[PDB]
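Architecture and fold: a report
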Amino acid sequence: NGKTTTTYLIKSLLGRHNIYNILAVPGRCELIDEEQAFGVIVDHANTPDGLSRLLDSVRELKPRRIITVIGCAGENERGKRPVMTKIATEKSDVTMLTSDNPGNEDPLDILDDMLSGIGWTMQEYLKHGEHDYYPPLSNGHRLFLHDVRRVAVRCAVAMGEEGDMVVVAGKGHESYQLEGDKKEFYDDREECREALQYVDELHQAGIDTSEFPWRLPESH
Amino acid sequence: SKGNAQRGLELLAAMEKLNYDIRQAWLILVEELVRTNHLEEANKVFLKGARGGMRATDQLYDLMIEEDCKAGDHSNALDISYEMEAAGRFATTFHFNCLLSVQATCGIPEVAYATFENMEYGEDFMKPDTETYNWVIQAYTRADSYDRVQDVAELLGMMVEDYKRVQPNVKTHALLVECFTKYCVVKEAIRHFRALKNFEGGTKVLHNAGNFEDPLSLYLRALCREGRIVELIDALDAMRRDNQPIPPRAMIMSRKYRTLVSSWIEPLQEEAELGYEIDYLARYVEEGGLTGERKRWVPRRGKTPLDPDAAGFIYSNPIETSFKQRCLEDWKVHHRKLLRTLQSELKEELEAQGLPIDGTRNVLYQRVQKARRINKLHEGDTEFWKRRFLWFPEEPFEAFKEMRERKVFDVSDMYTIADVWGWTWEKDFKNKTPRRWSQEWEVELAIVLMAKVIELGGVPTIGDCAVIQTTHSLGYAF
Amino acid sequence: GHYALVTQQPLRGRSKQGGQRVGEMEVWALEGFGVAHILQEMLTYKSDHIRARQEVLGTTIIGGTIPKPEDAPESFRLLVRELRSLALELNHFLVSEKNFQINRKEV
Amino acid sequence: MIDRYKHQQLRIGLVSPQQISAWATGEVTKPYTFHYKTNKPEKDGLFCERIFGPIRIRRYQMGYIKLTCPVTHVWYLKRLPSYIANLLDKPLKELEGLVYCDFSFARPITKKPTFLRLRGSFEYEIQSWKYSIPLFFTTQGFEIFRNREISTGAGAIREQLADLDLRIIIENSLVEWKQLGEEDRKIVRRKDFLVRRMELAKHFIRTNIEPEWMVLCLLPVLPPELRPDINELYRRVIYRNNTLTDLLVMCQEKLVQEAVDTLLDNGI
Amino acid sequence: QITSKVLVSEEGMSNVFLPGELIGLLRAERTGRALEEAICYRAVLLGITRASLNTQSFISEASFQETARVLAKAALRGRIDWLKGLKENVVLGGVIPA
RNA sequence: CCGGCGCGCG
């Protein structure tokens, strides 16, 4: 716990968990700052215990609203898919949904496995999308979803607000994407940087990107 | 006896060389080969003899046809029937039924229909009987592709018009129920299930031992989906009397872990309170999420149903209709029939919404401007119509008398499937005012259905009871 | 003699040593007579059945009985390809009356 | 008397691109017919010996043209009443504009998630969609998810036909027909459209035909010996298809479609 | 052949027949005695041209009139022709069943 | 050995 954080500081942070690391970082809550009114961090947690620990850690940092991005791999870890989305829904207000590394397994089925922990599926969610209306959760929380992590994290970055927070997890310091059998090159930190760089124009162009669907000016 | 067909043929040739009549020996050899279960060599020897100009006895012809059709050998049976008709013995309904027993399973209804057309428009001894109609109907309802409800309906009409010579049996009603269930003609399936109830076995025959998708389960599902709960209860009594356990296909579990026990009450496709949170992890684990055997509810490109419940029907299962809705529909259709036989200003905007407060001044304006942000019968009584019935003149009754005199139509042509098949119970389900739906009626029906499903081997889920002392009897706990 | 390049039917005209046309009105008369084998003669191996035209030339010179064509003439195969060019497939199937096996005829 | 049974049938049917490839397998790629000097069949051309056969098999061997963009079949779009319009339940004018004009369709597919409030067929181009969204979403990822919320041409039609749920179509048509009945010229014509739509959707379920085959991905090529006019129309398809793949723009996409329509059915 | 068809009325909804469907008179009467599922129909007079375009063979209709319209409608539904008529076998070059 | 135009015969 914190071995990577300790080594980098010794050779040469946010939350109370990193305070003890200082007393005694790539892919460990790497803060992405572009003079915005919020923050973006990257963690490698692909396990329910670590994800729960970090999601609890975000609450103690006083965020106004909690937005999370989660995924799961394919052909492996099939027995615990819905737990991350369950804990995120019970811990976050608006939660984006996507995959971590679909691999040969089709990401649509795994993304269906996400909604199984809440009483939804791809059929019901897509029927919600067709009617361009998403009724909120039981505890007042909101749910949006997208098959590809790219646009999902772009919208999550665009939804960074004042005193708000966005988590993108499952990859961390790893900078590869697993679709089918080819290991595509994909960096979460750089993509988050790009999303934070050009967030202004999308919001100022008359598009109400606050929720899915975006209220386009000429679309009514 | 030893099956040495070639040795028998050599002995027959030796007999022929010695100026002997080989017909009796040929018959004996064929019969022995059939008895010892050498149907291939028996068929070959019989065909050799028949093509040689030799004539067999009627019993041997019938035995060959029946055995070949029982073994599923239509080619040899057809060849032997052709040879028998060439020898001077014409085919009767027995041989035609034997042939039809194999054609009905070929997947092409046109073969069986060609045989049926040969029988129907032929001599008196070739006329179809109940078995022939059953074979042709089975061929049509189990077709590979295209719709055949029209063909089966016309065949049923032809069978009805032949009432003086033909009458149905259990298989007829089982096939008709299956056909009208796969095509979602539910009312006709209910009529023929009422007819089928009077036969012992009955629903057991309709079950088809689970084969052909198990049409009995389809009948139960079709009854459940349209909210025909009284008919569902009657079917449950039918299977209980027939010692027929409710099959798992009939007990399929809905999206929200419900079954036919609680699917037609006012919560539609939704769960009850149940007193606690739902354990979604247990649901995911028990559904096969550990070994990759789960059923993912994501739409896919293709002409296949995503819903496993629609498996078996031609164009998917009937749409979900609550018992409350079905009762209201039946109330409306009865009264539409009753009416037919008898003949023979800004405050106006408030009605488009829920009227929140408003009333004094400027509240109506602010609300109308902020509302844009969110943006006696006699059906089935043939006797009454027969009584009413009694250049063609323009007067309808004069015209009726004309067709009576010119023999165009007469009262002898006025009969339905009900009054020629002895459906005396049909008049008790018609020309009656439907019962208004009530909560007490619905809950008592739910209790009755739950008890009858439990006693039949079908276990309702906890969510089924939650919609409603019997809850704990199943091993549950709120 | 000489046949058309596409339809493979005998040519038209006295100057071209062509044959006489059996029109649809002539086909009606043959159907009224019930002469089903005269009609098939002038539909397959006197007009466009390439394989059966050559065998009729040989059998008649030796006098050894002309058999039925049983295949499709080049006018039907020509129509099938044209329907294929409109993204339409037309298949001829034979269903055995003995064992109900479906046979796809080459066309 | 037992009748001498004869069960012979022939059936037409809409063809699949895979069956077109099976016919050809063999793709015609060049519009050259014959050599001007040597009078020999040009390779990969309309009369190629490798594709079609040595100079009997040239009367039966088929080829195909690999169209870069899908083109709708004129018989199933322009003939009245339109089958594509009835199955998609849209007026013929908007479909024709989508295929022949510079119109883009909003929300062409459903079985994949979207995030936009774009509905209908917006005639004018979306100003934000031109620069704002692509420039914020870059190019590669934007093009990856491009063909899921806005599309145009016969590709949008094929996408709409591919993901159609026929059973849902039948149920919606039946419920709308009941609603109309329970309530007088086009109060009946709308009913007649509804009856025509469920009968059209019903036939697709029981057959092996796919409604997306109504838009062509490959173009079968007639054997050369059957076309010793039609050849000129085949060159145009190659003339404008090979131009289109060189670019990879909307105008050339329409030119390929018009070449196929003229080849398939003129005077319509 | 002119007076052998009836027209399903516009109010007859069932899974057996659809409104406006052209069905045979004998079939309509047979289904009337066997089913009570709103089998509503009225006698229709067809001309010798319209009757010839509502046959059981698409080859006979295609070779009669509106070839493109007949083939386009038929090829959408995988129509099957059982070659029971005289003209169908003439097209194939086979022996007519007469 | 392919199509158009013109003139004819029954």
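What counts and how
All residue numbers start from 1 on each chain and follow the order of its written sequence rather than the entry's numbering, and residues without coordinates are excluded. For this description, chains carry letters from A and ligands carry numbers from 1, given in the order in which they are written. Only some chains of a larger assembly appear here, and every value describes just that portion. As a convention, hydrogens and water are excluded, and side-chain values are obtained from all of the structure's heavy atoms. Residues with missing side-chain atoms are left out of burial classes, side-chain pairs and their counts. The contact criterion used throughout is that any non-hydrogen atoms of two residues lie within 4.5 Å. As a working definition, buried area equals the accessible area (1.4 Å probe) given up by two parts on being put together, with both sides summed. The salt bridge criterion pairs a side-chain nitrogen of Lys or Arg with a carboxyl oxygen of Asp or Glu, the two atoms within 4 Å. Numbering of helices and strands runs from the N terminus; a helix is a DSSP stretch of H or I covering at least four residues, while a strand is a stretch of E covering at least two. Each residue is assigned to one of three classes by its accessible area relative to the maximum for its type, calculated with a 1.4 Å probe on protein chains only: buried under 20%, partly exposed between the two thresholds, exposed over 50%. For patches, a residue must show more than 30% relative accessible area and have no salt bridge; joins then use 9 Å for like charges and 5 Å for nonpolar side chains, namely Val, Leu, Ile, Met, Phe, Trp and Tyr. Method for areas: the Shrake-Rupley scheme with a 1.4 Å probe, in which residue coverage is limited to the protein chains shown. Neighbouring residues are identified by heavy atoms, a residue being near a molecule or strand if any of them is within 4 Å of it. Whenever a nitrogen or oxygen atom comes within 3.5 Å of another N or O atom, the pair is scored as a polar contact, on the condition that within protein one atom can donate a hydrogen and the other can accept it, and that pairs from neighbouring residues in sequence are kept only if both atoms are in side chains. Polarity classes work like this: nonpolar for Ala, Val, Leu, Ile, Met, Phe, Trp, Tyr, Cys and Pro, charged for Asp, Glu, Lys and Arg, and polar for all others, with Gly in that last group. Two aromatic rings, drawn from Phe, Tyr or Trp (for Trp, its six-membered ring), form a pair once their centres lie within 6.5 Å of each other, and the interplanar angle then sorts them: stacked below 30 degrees, edge-to-face above 60, tilted otherwise. To sit over a ring, a charge needs its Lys NZ or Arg CZ within 6 Å of the ring centre and within 35 degrees of the ring normal. The criterion for strand pairing is that DSSP finds at least two bridges linking the strands in question. Axes here refer to lines fitted to C-alpha atoms; in helices the fit is confined to the stretch in contact. Angles between the N-to-C directions go from 0 to 180 degrees.

As stated in the entry header, the method of structure determination is cryo-EM and the reported resolution is 2.62 Å.

Chain D puts 27 residues into the contact, and the matching count from chain C is 22 residues. Both faces combined, the contact of chain D with chain C buries some 2500 Å², and carbon together with sulfur accounts for 61% of it. Our enumeration of links across chain D and chain C arrives at one salt bridge. As a salt-bridge pair, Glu74 of chain C and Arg59 of chain D come within 3.3 Å of each other at their nearest N and O atoms.

Moving on: unusual backbone geometry. With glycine set apart, most residues show a phi of negative sign, and most peptide bonds adopt trans. Between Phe212 of chain A and the following residue, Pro213 of chain A, the backbone shows a cis peptide bond with an omega angle of 0°. Among the secondary structure elements, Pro213 of chain A is positioned in the segment after helix 9 (199–204). Following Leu80 of chain D, the chain continues to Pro81 of chain D via a peptide bond in cis, the omega torsion being 0°. Structurally, the position occupied by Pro81 of chain D is in the loop between helix 3 (74–77) and helix 4 (83–88). The phi dihedral of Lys62 of chain A falls on the positive side, at around 55°, and the residue is not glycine. Within the fold, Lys62 of chain A resides in the loop between helix 3 (48–59) and strand 2 (66–70). Overall, the relative accessible area of 64% leaves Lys62 of chain A in the exposed class. Not every positive phi belongs to a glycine, and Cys184 of chain B is a case in point at roughly 60°.

What follows is about a nonpolar patch on the surface. Residues and elements named next belong to chain A. Together, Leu9, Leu13, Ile19, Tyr20, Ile22 and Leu23 make up a nonpolar patch on the protein surface, roughly 640 Å² of accessible area in all. Looking at the nonpolar patch element by element, the count peaks at four residues for helix 2 (residues 17–23). You can call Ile19 partly exposed: its relative accessible area is 43%.

All names here are of chain A. Applying the stated criterion across every chain, the model contains 76 salt bridges over all chains. Among the ionic pairs, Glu191 bridges to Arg154, the shortest N-O distance being 4.0 Å. Linking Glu191 in helix 8 (residues 188–197) with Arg154 in helix 7 (residues 149–158), this pair joins segments that are 37 residues apart in sequence. By relative accessible area, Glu191 is classed as buried at 4%. Of the residues examined, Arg154 reaches a relative accessible area of 1% and is grouped as buried.

All names here are of chain C. Residues in contact with RNA strand F, as listed here, are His2, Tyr3, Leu5 and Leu11. Interatomic distance of 3.1 Å between a backbone N/O atom of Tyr3 and a base oxygen of RNA strand F. Residues of the surface near RNA strand F, tallied by class, amount to three nonpolar, one polar and no charged.

Next up on the list: the packing of aromatic side chains. Tallying each qualifying case throughout the model produces 32 aromatic pairs over all chains. Considering the side-chain rings of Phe46 of chain B and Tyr61 of chain B, the 5.6 Å spacing of their centres and the 75° angle between planes classify their relative orientation as edge-to-face. Here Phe46 of chain B is found in helix 3 (residues 39–51), whereas its partner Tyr61 of chain B is found in helix 4 (residues 58–70), with 15 residues between them in sequence. Here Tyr61 of chain B falls in the buried class, since its relative accessible area comes to 1%. Ring centres of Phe136 of chain D and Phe137 of chain D lie 4.9 Å apart, and the angle between their planes is 85°; this geometry places the pair in the edge-to-face category. Residue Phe136 of chain D is classed as buried on the basis of its relative accessible area, which comes to 1%. Members of the aromatic cluster, connected to one another through ring pairs, are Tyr125, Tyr134, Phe144, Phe212 and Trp214 of chain A together with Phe115, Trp129, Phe136, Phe137, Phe142 and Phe145 of chain D. One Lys or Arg, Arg406 of chain B, reaches over the ring of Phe392 of chain B and ends 4.3 Å from the middle of that ring.

Turning next to the sheet that holds strand 3 (residues 94–97) of chain A. Residue and element names in this part refer to chain A. Overall, parallel pairing links the five strands, which are arranged 1-5-2-3-4 in an open sheet. A strand with exactly one partner marks an edge of an open sheet, and here the two such strands are strand 1 (38–43) and strand 4 (142–143). Across the sheet, helix 8 is in contact with strand 1 and strand 5 (164–169); its angle to strand 1 comes to roughly 165°.

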